[PDB]
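A short write-up of the structure that comes next.
Backbone-built Cβ (ideal geometry, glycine too); neighbour counts: all protein chains shown. Just so it is clear, none of the values below were taken in a lab; they were calculated from the coordinates.
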Amino acid sequence: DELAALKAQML
Amino acid sequence: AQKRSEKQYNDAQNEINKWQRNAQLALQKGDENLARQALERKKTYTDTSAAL
């Protein structure tokens, strides 16, 4: 989940 | 009773949609906590929806 969140955060 | 369950199911679906909107907002915000909360909520709701 954290990895997925990081990608979202990049926006 | 069937109608009531459908309404409850609809509410759960609506909640997921609301969470999705929040997730979109979270990405722009860049806050890790908001994004994490939405994902966790969506997963439990989906399981609940399946049970429903």
Quiz item: How far is it, in nm, from the label point at A:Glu2 to the one at B:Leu39 when both lie 7 Å from their Cα along the line to the Cβ?
Solution: 1.1
Quiz item: Separation between the B:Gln28 and B:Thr48 pseudo-spin-labels, each 7 Å from Cα along Cα→Cβ, expressed in nm?
Solution: 2.7
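With N residues in the protein assembly as shown, what two-decimal value do you get for its Cα radius of gyration over 2.2 N^0.38 Å?
Values: Rg = 13.6 Å, N = 63, 2.2 N^0.38 = 10.6 Å.
Here the Cα radius of gyration is 1.28 times the empirical estimate.
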Self-check item: From phi via Karplus (6.51, -1.76, 1.60), per-residue ³J(HN,Hα) for segment B:8-14 in Hz, x at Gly/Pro
Solution: 5, 5, 4, 4, 5, 5, 5
Exercise. Using +1 at the Cβ of each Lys and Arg and -1 at the Cβ of each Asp and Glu in chain B, identify which of B:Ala1, B:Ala50, B:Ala38 lies farthest towards the dipole's positive end.
Key: B:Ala1
Quiz item: Residues of segment B:22-44 with amide nitrogen under 17 Å from the 7 Å Cα-to-Cβ point of B:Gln13?
Solution: B:42-43
Quiz prompt | Per principal axis, descending, Cα span of chain B in whole Å | solution = 42, 15, 10
Quiz item: Under 21 Å Cα-Cα from B:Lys29, which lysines qualify once same-chain neighbours fewer than 8 residues away are excluded?
Solution: A:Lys7, B:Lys18, B:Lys42
Quiz item: What is the helix-to-structure angle for B:32-51, meaning the angle in degrees between its Cα long axis and the longest Cα principal axis of chain B, kept from 0 to 90 and rounded to the nearest 10?
Solution: 20
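For chain B, what is the relative contact order in percent, using Cα pairs closer than 8 Å and at least 6 residues apart in sequence?
Details: 24 pairs, mean separation 21.8, N = 52.
Answer for chain B is 42 percent.
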